[PDB]
Amino acid sequence: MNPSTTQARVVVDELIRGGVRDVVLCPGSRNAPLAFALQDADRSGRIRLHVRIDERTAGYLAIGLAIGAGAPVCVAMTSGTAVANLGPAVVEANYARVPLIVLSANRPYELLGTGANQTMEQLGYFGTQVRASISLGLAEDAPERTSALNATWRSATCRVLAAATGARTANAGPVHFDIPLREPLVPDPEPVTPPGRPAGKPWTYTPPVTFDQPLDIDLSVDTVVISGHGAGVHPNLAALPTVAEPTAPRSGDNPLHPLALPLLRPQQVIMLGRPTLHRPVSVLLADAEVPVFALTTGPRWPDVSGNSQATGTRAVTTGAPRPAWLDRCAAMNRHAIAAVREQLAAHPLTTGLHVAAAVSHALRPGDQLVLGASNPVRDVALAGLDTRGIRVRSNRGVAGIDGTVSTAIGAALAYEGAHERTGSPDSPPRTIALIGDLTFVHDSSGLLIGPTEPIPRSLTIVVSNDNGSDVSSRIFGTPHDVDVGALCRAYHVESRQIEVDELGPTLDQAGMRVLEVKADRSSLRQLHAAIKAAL
Amino acid sequence: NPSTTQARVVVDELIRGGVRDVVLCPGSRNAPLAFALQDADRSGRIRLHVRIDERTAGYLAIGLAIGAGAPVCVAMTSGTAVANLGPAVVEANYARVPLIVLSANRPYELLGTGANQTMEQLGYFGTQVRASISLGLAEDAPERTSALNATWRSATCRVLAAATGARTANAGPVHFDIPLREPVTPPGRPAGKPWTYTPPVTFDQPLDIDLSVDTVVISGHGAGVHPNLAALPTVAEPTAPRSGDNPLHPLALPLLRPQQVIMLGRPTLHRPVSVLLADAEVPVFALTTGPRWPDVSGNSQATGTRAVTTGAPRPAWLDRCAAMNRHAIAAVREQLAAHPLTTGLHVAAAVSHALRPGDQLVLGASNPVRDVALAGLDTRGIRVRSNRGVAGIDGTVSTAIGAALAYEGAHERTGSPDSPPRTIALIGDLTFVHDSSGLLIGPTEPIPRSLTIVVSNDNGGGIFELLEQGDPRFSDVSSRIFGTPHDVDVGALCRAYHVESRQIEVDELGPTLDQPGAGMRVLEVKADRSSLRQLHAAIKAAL
Amino acid sequence: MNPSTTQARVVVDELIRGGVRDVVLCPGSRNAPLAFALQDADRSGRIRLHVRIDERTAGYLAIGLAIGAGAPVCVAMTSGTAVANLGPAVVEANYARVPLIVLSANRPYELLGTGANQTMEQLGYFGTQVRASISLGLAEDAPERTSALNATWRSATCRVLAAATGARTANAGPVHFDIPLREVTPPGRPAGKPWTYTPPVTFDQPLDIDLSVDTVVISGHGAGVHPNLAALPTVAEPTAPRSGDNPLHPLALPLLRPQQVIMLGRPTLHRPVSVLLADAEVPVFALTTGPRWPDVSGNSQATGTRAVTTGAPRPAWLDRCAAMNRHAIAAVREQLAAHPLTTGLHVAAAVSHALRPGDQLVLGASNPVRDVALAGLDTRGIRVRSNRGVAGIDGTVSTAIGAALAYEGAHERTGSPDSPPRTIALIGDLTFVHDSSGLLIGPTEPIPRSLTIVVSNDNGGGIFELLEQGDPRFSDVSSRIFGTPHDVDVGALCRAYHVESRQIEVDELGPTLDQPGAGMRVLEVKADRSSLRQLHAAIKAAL
Ligand SMILES: Cc1ncc(C[n+]2csc(CCOP(=O)(O)OP(=O)(O)O)c2C)c(N)n1
Ligand SMILES: Cc1ncc(C[n+]2csc(CCOP(=O)(O)OP(=O)(O)O)c2C)c(N)n1
Ligand SMILES: C=C(O[C@H]1C=CC=C(C(=O)O)[C@@H]1O)C(=O)O
Ligand SMILES: [Mg+2]
Ligand SMILES: [Mg+2]
Ligand SMILES: [Mg+2]
């Protein structure tokens, strides 16, 4: 067995032992050793392989596969700009703390600077965006060194997995795993792979760390909880008035609408996760006089407030909220919900806010909701969606528009896969995505799934199409006019154009499909004005 | 505002430096130099191109630079901009493309405490750019305006010189930061001159070479023109300029025993070229411009910039090379005619026969750039572009679009309204799907008048049929992981972007190309890769 | 007041609230970041400032000040050579996890990248070595935003401190903190509290371990204290804290067959240790704090932070280890007694016997740190320091000086009358010559009160006598390129710098150390390395 084939099979086996259930693969020749070993593992049923053509959107597919079920996910590609194309997903995975392993094949490092084809400064390309930049050695033809090389290869693979899942740091994120490879790149004619640990165990076992930092907080002070992306679950704060972003997990049943917050005067703030969504949240955390307490699941804590008194992972609570304060916040929340609902009905034309409210009402527990990181996530929060029992995904790391379609497809695939391991047909759970037309058009090639590749069993993408100071904004002066139906036809995906009233019934009833709901953009500044005035 | 004055000085000096096109993307904050660029665009001193896709924007800028050889600016204005521009910047480094990346830091804001909307840095700027220059923050000091104007225009000329290789002969990408505090132009030199003028430079490294020794010339990407080598048998890549009129077909090379090799530029094509270059019994002389020389095996005897020649090739050696060249040409022509199914090689031959002088030819990676060489294209009189720096299949649509725009722009300024010269791109289907978003161009934005993109579509990566993983013993496992079939409806995709497109057979390709159409159009030719490996085998057996 | 002046004190006040007691500065072309605010706090006794001319020794002085009492230390860059000269100290701070804050001041109103930079001339190591890189904004003249700026500045300074001390990461290390400049101090928290408080954190990773299996504990740099492991036979490096009472000598390890290993922290010494850790039939469990784990061989079975033990070591196993422990120690001492020439090993044992609880011991690399382990030093009650992060022989003099000052300062604020506790440094002769400039301390500058530097001078590098290049077959060539004799007059060297020094024999050492002297003194013991390979051979024969 030639060295490239031996090394690739060892790495793939150790990744599987580490909990990697899904791998994204992009075509090339230099990554052939990885592609062969990955195809074997898929044939054996040890992993599910997903082949894609465009490395950039393939990275967001891997992000979706990771956030859908919480497992580390590898994306593998050839040397050169294929690696550079993972840049956007790596940045998103860094700030959203997604265990994304970039498994890049490379020419031998000795060829760097020789003019060799398709070769570049690959290792270190991602800078400080990755949790680690790790290189295997070039595989030596040293059969007597086989046992030693098996240990070092599997150990390096375990270092990669630990860094990506945050097993020791509690700060999951992307990892660059560069593997220099040389000829022969394809397996030899048959006419054994060095084995891992017994019982399928990982070569170096590192259990998931428990990161703990308790913090004293007195709940008698009029307190509001603001929870953002990556927030933990705190039972002892469940009673408090909580402004929760759609991707934050709910700890209780005392919601406070984001619009209600600037109309109240909290005397202290408990901040969970990384809240970046709302402008009244940004405004209040900008107020240097309001003391803030930051509770995070990991060592990072957000910089959105300059008055963070302390950090922790959990609250040690004394006291209890004033009943008058609870009554006041509850009243203002009811008031904000009513204002939004009244103005929506009093608005004749369909807006993206209407589409978002319709999608919000159509959801039922067990659904997974994937939200475009710009308008959809804001609109759903404006419509006051109740996320309890719903799994809400959104690329809130840097909130780019790249890869939103691929992230939805990947999250559905991973979510449906976690259902299969339960044991049951009761049918696979629903994944519903809400994406704007510009985001959808930009990542429409994320729809492309080859005839041989896994297709989501129950994914519906709702496209809210409203047809779209510096000079670059002239691009928005005109509706783009892109035919969404033609786009879906191009990538052989079923699509239907429907009205908002039809959306709920149609979501009740194709595999993967796109439902396009036309909406109007002109009348919205007035609609938001009406909502604000009705508060 | 001092920052508005500084921005106007910089744009003016960039225009004096030959910048004709700037690429922008809508962003989290305003673009660097945003208003000065808008002022210049309205005046017609410069031309702005706006895109939503930041990755395709980078490759658009590369095309705008290689189309006519001018420095091009791209202004990065978002938290994903550095990540998305990576591919184009790397290609600009390795293909030596004068690409100026504009940024606008905010010295009054914090850095390193969290996500940065203005710039999220990766690690490639340290390795890829020729220079990283930051202007000062512009201060209000009316009494120092002459000194500041001199400082700003001097630094701008440094950015331009580093990007174009004015003094280094090593063009490449440059990072140019004009910082901002958020939230009559001092003149330049008389007669539109650049503030700091860089007159022509020569790097001279002559090498003594005896041409009576049986010699072949291999000319790759970035090769120079050597009149004293014009008589030699020459295996020229499509992007190499031709010194002479003695072509040697790539497939004829293994049928020969060269005694020495002159290597011009950077070779990226053909395993027989790589084998010959590594042969320790064959002296190799590398003639290239710039700091580094290509030598994968380490076998090269000497490197320089030009040859001082004695002797001449033996007529028998020239006859032998001409005879094997004839065999190779005949084998390709005869086996293509004998082959029933249309392949990408068929499409490449059709494109080659249809070109004429003045055409610009843009070649995608994979089989197209190789197939054009196998079809024996005569590149004299035409300009051939291809992103051979890293040979990516990403961004080729915007590269072709940018190349057409810059090429048409240079022609309009000559002043003869003969119709704009043609740009014809030949790319594979995977290459097309990779960069299909480059077809999305707003009516506000410049659009080519004479660009035709030929997509040879064999529903996958045909080159992998020709490699070791294309051997029949991998036939059960190779379709998914190397073939990567996709079943995309190309006509529908072009419909969605409102781009004229036709699906035609290889015989109609020539006539359809002879007759113009919309400013941009996509001609799709269905092709087969199932017979590809056999076809190349039949060609080799006919040599 | 100038906004920069306000910002500078806000930062210095928050640094002092963060436990910074010492700051190291060097004279540069530009004055130091926060220079006046540091001057103010020095005069008021809020911090102690240390000035050095040598920028390299200044960085290692800062490391000593940090490891002496565990406090974060700031070092202010001021020149065009500071980055390069601080490199070695930053790399050691990274690998030894030392909280070192590197202060810089970029000037955003000036140009960058056109050449010519006088306050930070960058290298490539900052990206790889630091825990964070933070830049305050430029101070902006907006008195209506005074309270908001105060919060932003104190919040960012706490980020810097938390990253340096590992307050939330348990991964202390160096941090780059830039306060940019341009050519009634707002209050912090009440009661001297830091602006952002970080309560204690725990990283918990329990591993099930069966102590009935024959287990040896090996503890290296950065090892934790594990009570449930105190009974096990333990080979503890000198800088490792002892969890218990059952020592196992390093030389006994080859005479034993552990069936599993518990590794604490990072082992760097002893080939038998490395051999055992790499044994594929021996399960290895790594218990260490922080993001990474040591495993050169890739052999380790599991990593974590603590053990969940079942069972107890077999009495037969315990007795065998105790037996070979006693045997190993006896062999070292008998062979040292039999040996007729003073070697570094003799000096190590002498210093070892002279130590008493409350002492601080600073060990150079090479033979000193190893010899002390071979002399069986019982480190309980002793603070042992050594630059094991990357194990350079550079900067050890200033590390000891800084560690002494921090240790004496910590003792002083207990307020006690009691002689400031002792710091005893044991370093080789090359190590001493390497960092001899660390002796040069201005009368203005803080100077230790209880520091004795013992130099075991064998006129070269003794450790090479014990390696493969020490084999007699290399005798003709090995002295020049490995021994590197220098013939320096060490007494004249200390006299040039006005430092007390005595050249004494090894019998005098214990008595001389027992007796107090000048604040800083050097005792030099001449040693022989010609017989060192033989002596080590004699010790192993006695096993
Ligand atoms: C960004 C990038 N990803 C992957 C590759 C590897 N690669 C080289 S050729 C090729 C096949 C391209 O297929 P197509 O464009 O259809 O051309 P064909 O060979 O089929 O004519 C691939 C995936 C690359 N060069 N660049
Ligand atoms: C800066 C640096 N240079 C070189 C080395 C390599 N090195 C390791 S031990 C050693 C010899 C040290 O000699 P000495 O300080 O006299 O101690 P001895 O072993 O002689 O007791 C050298 C040069 C190093 N560790 N650091
Ligand atoms: C041209 C060859 O492979 C190239 C073409 C496609 C994919 C490649 C890759 O991804 O490594 C190779 O660069 C060859 O080996 O002859
Ligand atoms: Mg829209
Ligand atoms: Mg193809
Ligand atoms: Mg010595």
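Residues numbered from 1 in each chain as written, not as in the entry; some residues may be left out. Chains lettered and ligands numbered in written order. Part of a larger assembly, values for the part shown. Heavy atoms only, no water. Residues with missing side-chain atoms left out of burial classes, pairs and counts.

## A short note on the overall build of chain B
Reasoning step 1: Secondary structure assignment for chain B yields 16 helices and 19 strands.
Reasoning step 2: In terms of overall size, chain B behaves like a compact globule, its C-alpha atoms giving a radius of gyration of 25 Å where 543 residues would be expected to give roughly 24 Å.
Reasoning step 3: By residue count, 61% of the 543 residues in chain B fall in the buried class.
Reasoning step 4: Of the roughly 20,400 Å² of accessible surface on chain B, a fraction of 51% belongs to carbon and sulfur atoms. (Helix = DSSP H or I, 4+ residues; strand = E, 2+ residues; numbered from the N terminus. Rg over C-alpha atoms; globule rule 2.2 N^0.38 Å. Buried < 20%, exposed > 50% of the residue type's maximum accessible area, 1.4 Å probe, protein only. Areas by Shrake-Rupley, 256 points an atom, 1.4 Å probe, with all protein chains shown as cover.)

## Considering the site of ligand 1
Reasoning step 1: Looking at ligand 1, there are 22 residues lining it, with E55 of chain A together with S366, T431, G460 and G462 of chain B nearest.
Reasoning step 2: Among the chains of the assembly, those with residues near ligand 1 are chains A and B.
Reasoning step 3: In this structure, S366 of chain B approaches ligand 1 through a side-chain N or O atom, which is 2.4 Å from an oxygen atom.
Reasoning step 4: Contact between ligand 1 and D458 of chain B: an oxygen atom at 3.3 Å from a side-chain N or O atom of the residue.
Reasoning step 5: Summarising the interface, the protein chains cover 95% of the accessible area of ligand 1, which totals 600 Å² for the free molecule.
Reasoning step 6: Counting residues per element, the ones that place at least two in the shell around ligand 1 are α4 (81-84) of chain A together with α10 (367-374) and α12 (429-434) of chain B.
Reasoning step 7: Of all the elements, α12 of chain B adds the most residues to the shell around ligand 1, at 3 residues.
Reasoning step 8: In terms of residue class, the shell around ligand 1 is built from 8 nonpolar, 10 polar and 4 charged. (Near = heavy atom within 4 Å. Polar contact = N/O pair within 3.5 Å; in protein donor to acceptor, adjacent residues only side chain to side chain. Nonpolar A, V, L, I, M, F, W, Y, C, P; charged D, E, K, R; others polar.)

## Side note on the domain arrangement of chain B
When the parts of a complex come together, some accessible area is lost, and that lost area is often taken as the interface size.
All names here are of chain B.
Reasoning step 1: Taken as a whole, chain B is organised into domain 1 (2-177) and domain 2 (323-542).
Reasoning step 2: For domain 1 versus domain 2, the distance between C-alpha centres works out to 32 Å.
Reasoning step 3: Taken together, the contacts link 23 residues of domain 1 with 27 residues of domain 2.
Reasoning step 4: Summed over both partners, the interface of domain 1 with domain 2 buries about 2,000 Å², with 53% contributed by carbon and sulfur atoms.
Reasoning step 5: When the area that domain 1 buries against domain 2 is broken down by residue, the three leading residues are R51, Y59 and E91, summing to 25%.
Reasoning step 6: Here domain 1 is connected to domain 2 by 0 salt bridges.
Reasoning step 7: Linking domain 1 with domain 2 are 12 residue pairs in polar contact, by the criterion used here.
Reasoning step 8: If you list the elements that add at least two residues to the side of domain 1 that touches domain 2, you get β2 (47-50), α3 (54-66) and α4 (81-95).
Reasoning step 9: Looking at which element gives the most residues to the side of domain 1 that touches domain 2, the answer is α3, with 8 residues. (Domains from an automatic or database assignment. Contact = heavy atoms within 4.5 Å. Buried area = accessible area lost by both parts, 1.4 Å probe. Salt bridge = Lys/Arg side-chain N within 4 Å of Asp/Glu carboxyl O.)

## Thoughts on the interface of chain B and chain A
Reasoning step 1: With 78 residues of chain B at the contact, the number on the chain A side is 76 residues.
Reasoning step 2: Across the interface of chain B and chain A, roughly 6,400 Å² is buried in total on both sides, 60% from carbon and sulfur atoms.
Reasoning step 3: When residues of chain B are sorted by the area they lose upon contact with chain A, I52, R480 and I481 of chain B head the list and together hold 11% of the total.
Reasoning step 4: As a salt-bridge pair, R480 of chain B and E453 of chain A come within 2.7 Å of each other at their nearest N and O atoms.
Reasoning step 5: Inspection of the region where chain B meets chain A yields 31 residue pairs in polar contact.
Reasoning step 6: At the level of elements, α2 (34-43), β2, α3, α4, α5 (125-128), α12, α13 (478-483) and α14 (490-496) of chain B are the ones that each hand at least two residues to the side of chain B that touches chain A.
Reasoning step 7: Looking at the side of chain B that touches chain A element by element, the count peaks at 7 residues for α4 of chain B.

## Considerations on the site of ligand 2
Residues and elements named next belong to chain C.
Reasoning step 1: Taken together, 18 residues lie around ligand 2, and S366, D429, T431, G460 and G462 are the ones closest in.
Reasoning step 2: Between ligand 2 and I393, the relevant distance is 3.1 Å, taken from a nitrogen atom to a main-chain nitrogen or oxygen of the residue.
Reasoning step 3: In this structure, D458 approaches ligand 2 through a side-chain N or O atom, which is 3.4 Å from an oxygen atom.
Reasoning step 4: Coverage of ligand 2 by the protein amounts to 74% of the 600 Å² it exposes when considered alone.
Reasoning step 5: At the level of secondary structure, the elements contributing two or more residues to the shell around ligand 2 comprise α10 (367-374) and α12 (429-434).

## Section: the coordination of the magnesium ion (ligand 4)
Residue and element names in this part refer to chain A.
Reasoning step 1: Here the magnesium ion (ligand 4) is held by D437 (OD), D466 (OD) and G468 (O), and the distances to it run 2.2 to 2.7 Å.
Reasoning step 2: Ordering the donors of the magnesium ion (ligand 4) by residue number gives the pattern D-x28-D-x1-G. Taken together, the residues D437 in helix α12 (residues 437-442) and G468 in the loop between β18 (459-465) and α13 (484-490) connect sequence positions 31 residues apart.
Reasoning step 3: A relative accessible area of 1% places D437 in the buried class.
Reasoning step 4: When its relative accessible area of 34% is taken as the criterion, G468 is described as partly exposed. (Donors = N, O, S within 2.8 Å, 3.2 Å for Na, K, Ca; no water.)

## Structural notes on the interface of chain C and chain A
Reasoning step 1: Contacts between the two partners involve 40 residues from chain C, matched on the other side by 42 residues from chain A.
Reasoning step 2: Carbon and sulfur atoms make up 47% of the surface buried where chain C meets chain A, a total of about 3,000 Å² over both sides.
Reasoning step 3: Taken as a group, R159, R168 and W293 of chain C account for 27% of the area that chain C buries against chain A, more than any other trio of residues on that side.
Reasoning step 4: Where chain C meets chain A, there are 0 salt bridges.

## Concerning the nonpolar core
Reasoning step 1: Counting residues in hydrophobic clusters, the biggest one holds 116 residues, and the most contacted among them are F440 and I461 of chain A together with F432 of chain B.
Reasoning step 2: In terms of residue count, α4 of chain B provides more of this core than any other element does, 9 residues in total.
Reasoning step 3: Look past the residues within four positions of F440 of chain A in its chain and what remains in contact with it is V405, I435, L447, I461, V463, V484, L487, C488 and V514 of chain A. (Core = buried A, V, L, I, M, F, W, Y, C linked by side-chain atoms within 4.5 Å.)

## What about the packing of helix α1 (residues 3-17) of chain C against helix α2 (residues 35-43) of chain C?
The packing of two helices is summarised by the inter-axis angle and the distance between the axes.
Residue and element names in this part refer to chain C.
Reasoning step 1: For the pair α1 and α2, interaxial distance at closest approach is 8 Å and the crossing angle is 45°. Classified by the angle their axes make, α1 and α2 are oblique. In terms of crossing hand, the pair formed by α1 and α2 is right-handed. When α1 is examined against α2, the residues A8, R9, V12 and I16 are found in contact with a partner set consisting of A37, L38 and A41.
Reasoning step 2: Classifying every residue of the contact of α1 with α2 gives 6 nonpolar, no polar and 1 charged. (Axes fitted to C-alpha atoms, helices over the stretch in contact; angles between N-to-C directions. Parallel < 35°, antiparallel > 145°, perpendicular 65-115°, else oblique. Left-handed = near helix turned anticlockwise from the far one by under 90°.)

## Observations regarding the sheet that holds strand β1 (residues 22-25) of chain A
All names here are of chain A.
Reasoning step 1: Taken in spatial order, the 6 strands line up as β2-β1-β3-β4-β6-β5 in an open sheet, and their pairing is parallel. The two strands at the open ends of the sheet, each matched to only one other strand, are β2 (48-51) and β5 (132-135). For this sheet, the mean angle separating the axes of adjacent strands, direction not counted, is 20°.
Reasoning step 2: Sheet topology places β5 next to strand β6 (residues 175-180); 4 bridges connect them, and they run parallel. By the bridge assignment, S135 is partnered in β6 with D178. (Pairing = 2+ DSSP bridges.)

## Some points on the pairing of strand β19 (residues 520-526) of chain B
Residue and element names in this part refer to chain B.
Reasoning step 1: With 6 of 7 residues buried, β19 lies mostly within the body of the structure.
Reasoning step 2: Relative to β19, strand β17 (residues 451-457) runs parallel, the two being bridged by 7 bridges. What sits directly across from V454, in β19, is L523.
Reasoning step 3: Summarising the sheet, strand β18 (residues 500-503) and β19 pair through 4 bridges and their orientation is parallel. When the bridges of β19 are listed, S501 appears paired with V522.
Reasoning step 4: You can see the chain leave β18, run along helix α15 (residues 506-514) and come back into β19, and the turn it takes is right-handed. (Right-handed = clockwise from strand over helix to strand, strands pointing away.)

## Examining unusual backbone geometry
Generally, phi is negative for residues other than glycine and the peptide bonds are trans, each holding for most cases.
Reasoning step 1: Here the bond from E183 of chain A into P184 of chain A is cis, since omega is 0°, no more than 30 degrees from zero.
Reasoning step 2: In this structure, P184 of chain A sits in the loop between β6 and β7 (210-212).
Reasoning step 3: The omega angle of the peptide bond from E182 of chain B to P183 of chain B is 0°, so this bond is cis rather than trans.
Reasoning step 4: Here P183 of chain B shows up in the loop between β6 (174-177) and β7 (206-210).

## Side note on the domain arrangement of chain A
Residues and elements named next belong to chain A.
Reasoning step 1: Parsing chain A into structural domains produces domain 1 (3-180) and domain 2 (337-534).
Reasoning step 2: Relative to domain 2, the C-alpha centre of domain 1 lies at a distance of 31 Å.
Reasoning step 3: Counting residues at the interface gives 22 residues for domain 1, matched by 28 residues for domain 2.
Reasoning step 4: Summed over both partners, the interface of domain 1 with domain 2 comes to about 2,000 Å²; 57% of that surface belongs to carbon and sulfur atoms.

## Overview of the pairing of strand β8 (residues 214-218) of chain A
All names here are of chain A.
Reasoning step 1: Judged by which residues are buried, β8 turns out to be one-sided: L215 and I217 face inward and are buried, whereas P214, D216 and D218, on the alternate face, are not.
Reasoning step 2: By the bridge criterion, 5 bridges tie β8 to strand β14 (residues 314-318) in an arrangement that is parallel. The residue of β14 that forms the bridge with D218 is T318.

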